[PDB]
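These notes concern the structure reproduced below.
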Amino acid sequence: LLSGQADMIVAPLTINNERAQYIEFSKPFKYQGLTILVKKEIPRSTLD
Amino acid sequence: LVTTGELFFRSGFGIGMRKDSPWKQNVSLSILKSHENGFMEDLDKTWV
Amino acid sequence: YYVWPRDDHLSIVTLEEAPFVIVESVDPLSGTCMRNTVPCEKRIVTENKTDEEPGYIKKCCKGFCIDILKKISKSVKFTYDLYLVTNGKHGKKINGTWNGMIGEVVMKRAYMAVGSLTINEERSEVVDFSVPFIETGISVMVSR
Numbered sequence: 505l506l507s508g509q510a511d512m513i514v515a516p517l518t519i520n521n522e523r524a525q526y527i528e529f530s531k532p533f534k535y536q537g538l539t540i541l542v543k544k545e546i547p548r549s550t551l552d
Numbered sequence: 746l747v748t749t750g751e752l753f754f755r756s757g758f759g760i761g762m763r764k765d766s767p768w769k770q771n772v773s774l775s776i777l778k779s780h781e782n783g784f785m786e787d788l789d790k791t792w793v
Numbered sequence: 388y389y390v391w392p393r403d404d405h406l407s408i409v410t411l412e413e414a415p416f417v418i419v420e421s422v423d424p425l426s427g428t429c430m431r432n433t434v435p436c437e438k439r440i441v442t443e444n445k446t447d448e449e450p451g452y453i454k455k456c457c458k459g460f461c462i463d464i465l466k467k468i469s470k471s472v473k474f475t476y477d478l479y480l481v482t483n484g485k486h487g488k489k490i491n492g493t494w495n496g497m498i499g500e501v502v503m504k505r506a507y508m509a510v511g512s513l514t515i516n517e518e519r520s521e522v523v524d525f526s527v528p529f530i531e532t533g534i535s536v537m538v539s540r
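Top to bottom, those sequences are chains A, B and C.
Residues 505 to 552 (the deposited numbering) make up the first sequence, in order.
Residues 746 to 793 (the deposited numbering) make up the second sequence, in order.
Residues 388 to 393, 403 to 540 (the deposited numbering) make up the third sequence, in order.
The structure is reproduced here in structure tokens:
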């Protein structure tokens, strides 16, 4: 964007301090947060 | 696999722009207008 | 009570509702607002017969938005003196005029609207907002 070869950055962008300091955003179009992912489960004990 | 946990720091998304370009005001207004027509919810339920 | 009539000194038109901002009466003590709050300035025009002076019955304010406003005011070194609402809840185009807090801001003398506001395609053409600082929306309420 900043050099000479872009005008809109339609992409998974995200608001923060420095990027909003150096360019002007618009109103947000999604309110996603930051979260964590792990793997699912399986059956269990009692054996014999 | 599955996602767990809560949401820490929660920014938003957004279409970026240049600094002082003629579009910014109108593009922000268009995003805000479309966000109150179910359009964002419509596309979210269509794809995500 | 001219508030010491004496370029960073601006009015702040606020409102009290929810755990966002709550207004309490002055701490009795000796007639002064307690600590951990900022002195608000309630305005009363309850005189329904004569054009009496507005009621300058001061009070105290505390909550979410006032705390964030204090943090911001410290952050950029500007002085402030809060001031409550006189008529209307928030503001609405009532036959081509804003009757409320946004009307107070657009009609000068306010220069801020910190409170419980909603960003919409209805006031961006008269005032202009900042980045939202809480996720609002429309949801439901059903008993479990």
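Where a beta carbon is used, it is the ideal one built from N, C-alpha and C, also for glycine.
query	result
Going along chain C in order, which residues have a C-beta closer than 9 Å to the C-beta of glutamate 781 of chain B?	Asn516, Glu517
Would you list the residues sitting across from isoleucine 540 of chain A in a DSSP beta bridge?	B:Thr749
Assign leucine 465 of chain C to one of two classes, buried (16 or more other C-beta atoms within 10 Å of its C-beta) or exposed (fewer than that).	buried
With a threshold of 7 Å on Cβ separation, who are the neighbours of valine 419 of chain C within its own chain once the five nearest residues in sequence on each side are excluded?	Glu412, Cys436, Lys455, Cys457
Straight-line CA distance for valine 514 of chain A to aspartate 787 of chain B?	19 Å
Measuring CB to CB, does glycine 459 of chain C end up less than 8 Å from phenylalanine 416 of chain C?	yes
Assign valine 536 of chain C to buried or exposed, taking buried as 16 or more other Cβ atoms, counted over all protein chains shown, within 10 Å of its Cβ.	exposed
How far does the beta strand (DSSP E) with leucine 406 of chain C in it reach, from first residue to last?	405–409
I'd like to know whether the C-beta of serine 520 of chain C is nearer than 8 Å to at least one C-beta of chain B.	yes
Among C:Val472, C:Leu406, C:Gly511, which residue has its Cα nearest to the Cα of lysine 504 of chain C?	C:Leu406
Start and end of the beta strand (DSSP E) containing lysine 455 of chain C?	454–459
Suppose the cutoff is 7 Å on Cβ atoms and the five residues either side in sequence are ignored; what does the same chain contact list for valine 510 of chain C look like?	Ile408, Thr410, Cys461, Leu465
What residue range is occupied by the uninterrupted alpha helix (DSSP H) comprising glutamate 786 of chain B?	784–792
Which residues share a DSSP beta bridge with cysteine 436 of chain C?	C:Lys455
Starting from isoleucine 776 of chain B and walking both ways along the beta strand (DSSP E), at which residues does that stretch end?	Here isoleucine 776 of chain B belongs to no beta strand (DSSP E); instead the alpha helix (DSSP H) covers 769–779.
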